[PDB]
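Data first, discussion second: the structure below is written as structure tokens.
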Amino acid sequence: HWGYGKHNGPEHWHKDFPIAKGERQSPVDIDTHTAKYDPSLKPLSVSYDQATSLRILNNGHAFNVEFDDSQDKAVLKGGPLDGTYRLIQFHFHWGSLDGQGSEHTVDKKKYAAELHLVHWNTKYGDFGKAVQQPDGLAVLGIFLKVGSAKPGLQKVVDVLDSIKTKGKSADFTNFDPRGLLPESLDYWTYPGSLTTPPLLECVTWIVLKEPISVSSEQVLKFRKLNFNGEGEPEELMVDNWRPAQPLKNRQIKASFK
Ligand SMILES: NS(=O)(=O)c1ccc(NC(=O)Cc2cccs2)cc1
Ligand SMILES: [Zn+2]
């Protein structure tokens, strides 16, 4: 099946998922000089105060912190979005080295990792229906650079030992995703896709301009995870990122001057 190795990696995905070569694929390089300020873009509304985290899961491609999305508890609104998008999970992509790991790039610069907070449009009833719609998902992307520790990330780091291998999960309640945000909510936005198979073209991407900083020890713990299941040959979960795809007929808009 698909993955991030030499034989099943991003260059191979198109054979099972032809949309890999589609018109609105993600991630992309954000050329800061070509992005256009859109003064009509509304401020982002991040309402995470009632967030209910449930569980953390190693799915063999990344780890997801999952949320109760059966009510409007943690929602994203505003910005380029019409309507209400519920937080269903977040996860990260990261590198084997600090100089790579992010999926989006900024003027070709790669960050050490990238956080994706995944939300779905409530007008479609459930996540499975939403991914079938061009405005079904909104993913808030946040870059990570290595420097000072991110205190709000530490709870996540400390449970990773319990979900080392594919298919392992652990209770993960009472986690506050607000602790993963940078100070500024200035963003770029463009229409795009899931960055892993099935690569569905259903995502409004909202990528924050300001990265968060995490410590070397924090990212090192990400890199101790495994792609494999328990009792299979050990393959470190690193470099689980798709490279930038062609922008094609799209304009990246900026919320800031
Ligand atoms: N890296 S990303 O674009 O944020 C992303 C988010 C979610 C998924 N996949 C799923 O949530 C699982 C799916 C269920 C039904 C269709 S895809 C893949 C990539
Ligand atoms: Zn992702």
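Scheme for the structure tokens: letters A, B, ... for chains in order shown; per-chain residue numbers from 1; ligand numbers from 1 in order shown.
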Exercise. Could you pull out the residues sitting within 9 Å of ligand 2, using only C-alpha atoms and all ligand atoms, and write them as a PyMOL selection string?
Key: chain A and resi 62+90-93+103+114-118+139+141+194-196+241
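Here the residues within region 21-144 of chain A that DSSP labels helix (DSSP H, G or I) on the basis of the backbone are residues 21, 122, 123, 124, 127, 128, 129 and 130 of chain A.
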Output of the above residues as a short mmCIF file (atom, residue, chain, number, x, y, z; two decimals), in the first residue's frame, restricted to N, CA, C and O atoms:
```cif
data_model
loop_
_atom_site.label_atom_id
_atom_site.label_comp_id
_atom_site.auth_asym_id
_atom_site.auth_seq_id
_atom_site.Cartn_x
_atom_site.Cartn_y
_atom_site.Cartn_z
N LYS A 21 -2.47 13.94 -9.73
CA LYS A 21 -2.02 14.88 -10.76
C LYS A 21 -3.12 15.88 -11.13
O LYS A 21 -3.12 16.43 -12.23
N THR A 122 -20.08 21.67 8.63
CA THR A 122 -21.23 21.01 9.26
C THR A 122 -22.44 20.89 8.34
O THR A 122 -23.35 20.13 8.62
N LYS A 123 -22.45 21.64 7.24
CA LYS A 123 -23.61 21.56 6.35
C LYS A 123 -23.67 20.21 5.64
O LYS A 123 -24.70 19.86 5.05
N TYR A 124 -22.59 19.44 5.72
CA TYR A 124 -22.54 18.13 5.08
C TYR A 124 -22.76 16.95 6.04
O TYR A 124 -22.69 15.80 5.63
N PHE A 127 -18.05 13.73 8.38
CA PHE A 127 -16.75 13.88 7.73
C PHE A 127 -16.70 13.15 6.40
O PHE A 127 -16.14 13.67 5.42
N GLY A 128 -17.27 11.94 6.35
CA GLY A 128 -17.23 11.14 5.14
C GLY A 128 -17.96 11.79 3.97
O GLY A 128 -17.57 11.62 2.82
N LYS A 129 -19.04 12.53 4.26
CA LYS A 129 -19.76 13.24 3.22
C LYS A 129 -18.98 14.49 2.84
O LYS A 129 -18.90 14.87 1.67
N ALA A 130 -18.38 15.13 3.84
CA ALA A 130 -17.68 16.39 3.62
C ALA A 130 -16.52 16.25 2.65
O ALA A 130 -16.27 17.14 1.84
#
```
Quiz item: Taking into account only C-alpha atoms, which residue in the set A:132, A:255, A:200, A:107 is nearest to residue 28 (chain A)?
Solution: A:107
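Reported to one decimal place, the separation of CA of residue 140 (chain A) from CA of residue 22 (chain A) is 21.6 Å.
Between CA of residue 256 (chain A) and CA of residue 108 (chain A) the separation is 19.9 Å.
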Self-check item: Counting only C-alpha atoms and all ligand atoms, the option among A:27, A:229, A:60, A:211 closest to ligand 1
Solution: A:27
Exercise. Report the distance between CA of residue 49 (chain A) and CA of residue 126 (chain A) in Å, rounded to one decimal place.
Key: 21.6 Å
Quiz item: Which residue gives the smallest distance to residue 67 (chain A) among A:47, A:89, A:162, A:251, with only C-alpha atoms counted?
Solution: A:89
Quiz item: If we count only C-alpha atoms, what is near residue 16 (chain A) at a cut-off of 10 Å, once residues fewer than 6 positions away on the same chain are taken out, given as a ChimeraX atom specification?
Solution: /A:1-2,197-198
